[PDB]
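Beneath this line is the structure, given in structure tokens, with notes to follow.
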Amino acid sequence: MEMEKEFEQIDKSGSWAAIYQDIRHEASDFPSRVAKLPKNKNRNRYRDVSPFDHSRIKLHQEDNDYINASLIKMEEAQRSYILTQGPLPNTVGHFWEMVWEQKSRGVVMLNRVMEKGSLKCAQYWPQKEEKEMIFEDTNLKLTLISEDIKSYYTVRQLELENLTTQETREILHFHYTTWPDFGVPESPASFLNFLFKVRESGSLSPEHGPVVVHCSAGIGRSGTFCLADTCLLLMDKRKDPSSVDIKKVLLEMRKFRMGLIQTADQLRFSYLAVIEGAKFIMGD
């Protein structure tokens with residue numbers, strides 16, 4: 001069923017909450033035993049949001065290999081993403097260790113450091129060229145190279161150095177700065193523009209490791225970003241684009257991380273973004 005007609009049907013009948021709860025009922029449940037060990041309590045921002053054991057990202061250290069991060073592997077679309085929580089004061093070094101070890105080119109950030117008067121993630125990148133950051137627990141150095149501030153997002157060029165080997169790499173930071181404190185955006189136009197800028201950079205392409213994407217918990221806004229990207233790529237690839245079923249794609253992604261798409265409003269926004277984005281994918 002053409003999603004656009006499905007959309008009007010749900011909107012006229014006002015049943016978004018019912019659709020969304022069906023997804024929650026049918027979603028996968030896999031163990032997350034490593035996340036819940038006592039030694040990891042200060043590595044989790046929220047007690048109810050954990051990576052599944054089967055898909056979690058492991059840090060390459062014998063000490064403690066745990067980080068709240070999951071690998072979402074989309075087999076038909078041929079895309080992979082790492083979804084993670086906003087880093088905590090005690091996990092900023094782990095975060096950059098994971099970016100290094102997984103060979104990522106880009107980091108996608110969908111929240112502000114402070115929202116609703118409270119801190120939603122650590123200030124984990126440097127704000128001035130001449131004031132670099134050193135993460136002593138993981139032996140990395142991070143330097144701001146350049147910054148391009150636009151009305152709806154900011155793109156930063158960063159240099160990450162492995163201090164053990166003195167290798168360096170360029171990381172691109174894509175920061176969407178205008179998601180509202182409450183609700184979802186009224187139009188998906190600026191979010192789609194942002195997604196296409198990430199794509200154009202190479203950060204989503206198979207020559208690099210998976211993109212790292214986060215918000216505060218790494219399931220809500222972050223889920224919207226990967227769901228829309230994968231659905232639009234499948235509409236590109238298939239003989240019949242109307243065959244793409246966004247609810248089924250979302251349930252597949254939920255095999256790899258719990259809780260993706262947090263509200264019925266985020267579900268509706270995801271439909272809207274894919275519907276409007278398709279009016280480029282089919283040739284404009």
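These values consider heavy atoms only, across backbone and side chains, with no hydrogens, waters or symmetry-generated copies. For reference, positions follow the sequence shown, starting with 1.
One N or O on the side chain of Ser13 and one on the backbone of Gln9 form a donor-acceptor pair closer than 3.5 Å. Within the 3.5 Å criterion, the main-chain N or O of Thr91 finds no donor-acceptor partner in the side chain of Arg43. Distance alone, capped at 3.5 Å, is enough to place a donor-acceptor pair between the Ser216 side chain and the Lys120 backbone. The backbone N or O of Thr177 lies less than 3.5 Å from a partner atom in the side chain of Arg112, making a donor-acceptor pair. Here the side chain of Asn139 pairs a donor or acceptor atom with the backbone of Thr164 at under 3.5 angstrom. In terms of modelled atom types and a separation under 3.5 Å, the side chain of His54 and the main chain of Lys255 share a donor-acceptor contact. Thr84 contributes a side-chain N or O that, together with a main-chain N or O of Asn68, makes up a donor-acceptor pair within less than 3.5 Å. Side chain of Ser222 to backbone of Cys215: a donor-acceptor contact under 3.5 angstrom is found.
A salt bridge links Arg238 and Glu76; the closest N-O separation between the charged side-chain nitrogens and carboxylate oxygens is under 4.0 Å.
The side-chain contact (heavy atoms from CB on, under 4.5 Å) search around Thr138 returns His94, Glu97, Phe135, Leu140, not counting sequence neighbours. Annotation: side chain to side chain donor-acceptor pair (under 3.5 Å) contacts of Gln123 (sequence neighbours excluded): none.
Every pair passing side-chain hydrogen bond (donor to acceptor under 3.5 Å, both in side chains) that includes a residue from residues 17-42 is listed here, sequence neighbours excluded: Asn40-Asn64.
Counting non-hydrogen atoms of other residues, nucleotides and ligands closer than 6.0 Å to NZ of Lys248 gives a total of 12 or fewer. The neighbour count for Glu207 CD, taken as heavy atoms of other residues, nucleotides or ligands under 6.0 Å away, is above 12. For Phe196, the CZ atom sits in a packed shell: over 12 heavy atoms of surrounding residues, nucleotides or ligands are nearer than 6.0 Å. Within a 6.0 Å sphere centred on CD of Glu130, heavy atoms belonging to other residues, nucleotides or ligands number more than 12.
The aromatic ring centroids of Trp16 and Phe7 lie less than 6.0 Å from each other. Between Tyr176 and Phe225, the distance from one ring center to the other does not fall under 6.0 angstrom. Ring pair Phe191/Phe269: centre-to-centre distance below 6.0 Å.
Minimum interatomic distance between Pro188 and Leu272 (heavy atoms only, all atoms of both residues): CG-O, 4.0 Å. What you find for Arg45 and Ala122 is that their closest heavy atoms are NH2-N, 4.2 Å. Across all non-hydrogen atoms, the minimal contact from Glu4 to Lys279 is OE2-NZ, 3.6 Å.
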Intermediate values then yes/no, side chain to side chain contact (heavy atoms under 4.5 Å, CB included), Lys247 and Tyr271: CA-CA 9 Å; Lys247 295 191 262 63; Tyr271 273 73; 3.4 Å; yes
Residues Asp65, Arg56; criterion side chain to side chain contact (heavy atoms under 4.5 Å, CB included); working and verdict: CA-CA 10 Å; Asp65 67 10; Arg56 72 182 184 96; 3.0 Å; yes
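When each of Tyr124, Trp125, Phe194 is checked for a ring-ring contact (aromatic ring centres under 6.0 Å, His included) with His175, only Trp125 meets the rule.
Hydrophobic clustering of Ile, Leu, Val, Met, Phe, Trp and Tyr side chains at less than 4.5 Å, counting indirect connections, unites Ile171 with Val92.
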